[PDB]
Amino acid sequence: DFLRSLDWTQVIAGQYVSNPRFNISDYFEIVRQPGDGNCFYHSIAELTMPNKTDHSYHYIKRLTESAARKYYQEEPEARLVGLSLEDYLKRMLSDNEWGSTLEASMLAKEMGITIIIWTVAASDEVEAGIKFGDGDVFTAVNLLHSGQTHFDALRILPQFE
């Protein structure tokens, strides 16, 4: 019921924002990811890959590379970054290099899925969501962005199905 009531504003085509307020653990289980620079990709792999391991994220980075080749040139967020495609890739593919909303938008299109990033205040309550794709929250790969500096993976609690 609460999850189906979220008000998504489509700010730019394929990208949506919402500012509901809730306790992450009221609706999701948090699956913690290591703090090694790679946790964005760890978190995607936890939700998308079978028999995920601490090595699974390499494949996600490799899909992000494939994704970038197709989509980097029309991604609005790439305008912040200001790199050529080949320089972007070299830095993206680097060890411990943080992933971001840029990779999320590109991966969403490449994997044909919806990715939501839930960002929480210092208080731990959610204060925003950004959604990449047209799917709803029940369909999506949900991530938790906390301390403004870390990603973890989220699974919808069994009672909300």
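Sequential numbering from 1, following the sequence displayed.
Coordinates for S123 are absent from at least a third of the other compared entries of this protein that model residues on both sides of it. The deposited model assigns a higher average Cα B-factor to 2-10 than to the other stretch when 150-158 and 2-10 are compared.
Annotation for 101-109 versus 121-129: the higher mean temperature factor (C-alpha) is found in 121-129. In the PDB entry, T53 places in the highest third of its chain by CA B-factor. Compared with the other modelled residues of the chain, the Cα B-factor recorded for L63 ranks in the highest third. When the modelled residues of the chain are ordered by their C-alpha B factor, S25 lands in the middle third. In the deposited entry, the Cα temperature factor of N96 sits in the middle third of values across the chain's modelled residues. Per the deposited record, the Cα B-factor of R32 falls in the middle third when ranked against the other modelled residues of its chain.
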